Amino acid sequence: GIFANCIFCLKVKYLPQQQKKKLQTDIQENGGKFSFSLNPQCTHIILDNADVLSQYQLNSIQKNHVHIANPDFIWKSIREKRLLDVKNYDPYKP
């Protein structure tokens, strides 16, 4: 699937439960894996609008070349049936 070899850290605490679950299944069903923890193996971190990241987390992300994206990265990639440009979904670089 389109998320082959992607490992997503999910920081989406403030999404409705149904949406959290849909993000997970969208990821799993299309070749990806997800965690709730941020570690060197993450390729991406998905961050809903109400969540924030510490400086520690941001340093880790930079160090490990992790892509920061909003949930629309997942939703719209699934919709277009194609992995989109994650650079268009960065809550820190609009």
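Numbers follow the displayed sequence, beginning with 1.
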45-53 or 58-66, whichever carries the higher mean Cα B-factor
58-66
Using the B-factors in the PDB entry, rank residue 82's C-alpha atom against the chain and give the third, lowest, middle or highest.
middle
Split the chain's modelled residues into thirds by Cα B-factor; residue 17 lands in the highest
Ranking the modelled residues of this chain by C-alpha B-factor as given in the entry, is residue 8 in the lowest, middle or highest third?
lowest
